[PDB]
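Following this message is one structure expressed as structure tokens.
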Amino acid sequence: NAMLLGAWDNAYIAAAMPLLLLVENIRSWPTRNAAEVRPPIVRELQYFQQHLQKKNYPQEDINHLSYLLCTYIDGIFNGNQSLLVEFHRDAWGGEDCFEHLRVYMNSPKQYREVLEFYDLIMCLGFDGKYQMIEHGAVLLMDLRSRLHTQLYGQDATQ
Ligand SMILES: [Ca+2]
């Protein structure tokens, strides 16, 4: 229960929820149809950044969270033109995302809103590099438990 209640006031998560809902629908689309609806996904990504800059949120965190969104969506429709390349000039983010996350988890209370965002994205199935590491699921699930308890408590992790 802590995740839904805790994340409802999270301005980072709110600014990206339209895009997340749009993507959850497109996953049940033919692959060619998903490529045609890339302009609206690009629009939603631009709005995510524009809305948070309107709200004076730190640009370093907007970029990091946008980098994660492109990595998450690129991982859903792949395995042409990737979103991470267009927005951050990087072909693959499955490794850097967890290095961004490790720096945030070094300062838990200072970056609570950013950490809730990371918790949710991983809850939506993001795995990045852990998809190709041996025992990668065990390592990833352990990382989610350490972060989820850091945000919500032992009872929320179970
Ligand atoms: Ca909260």
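Quick note: numbers below take in every heavy atom, side chains included, and nothing from hydrogens, waters or symmetry partners. The first residue of the sequence shown is numbered 1, and numbering continues consecutively from there. Read the numbers this way: they start at 1 and go in the same order the structure lists the ligands and their atoms.
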For the Ca ion (ligand 1), count the protein N, O or S atoms found under 3.0 Å away.
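Near the Ca ion (ligand 1), the number of protein N, O or S atoms below 3.0 Å is 2.
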Verify the distance criterion only: is there a donor paired with an acceptor across the side chains of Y67 and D90 at less than 3.5 Å?
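Side-chain D/A pair, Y67 to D90: present.
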Hydrophobic clustering (ILVMFWY, side-chain heavy atoms < 4.5 Å, transitive) - are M122 and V138 grouped together?
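In one cluster: no.
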Quick check for you: to the nearest 0.5 Å, what is the distance between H148 atom NE2 and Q154 atom CD?
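Output value for this atom pair is 11.0 Å.
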What about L21 and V23, same hydrophobic cluster or not, with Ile/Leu/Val/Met/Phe/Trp/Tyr joined at side-chain heavy-atom distances under 4.5 Å?
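In one cluster with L21: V23, yes.
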Angle class for the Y104/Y118 ring planes (parallel below 30°, perpendicular above 60°, tilted otherwise)?
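Plane angle between 30° and 60°, so tilted.
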Geometric class of the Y57/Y12 ring pair [parallel <30°, tilted 30-60°, perpendicular >60°]:
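Rings of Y12 and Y57: tilted, 30 to 60°.
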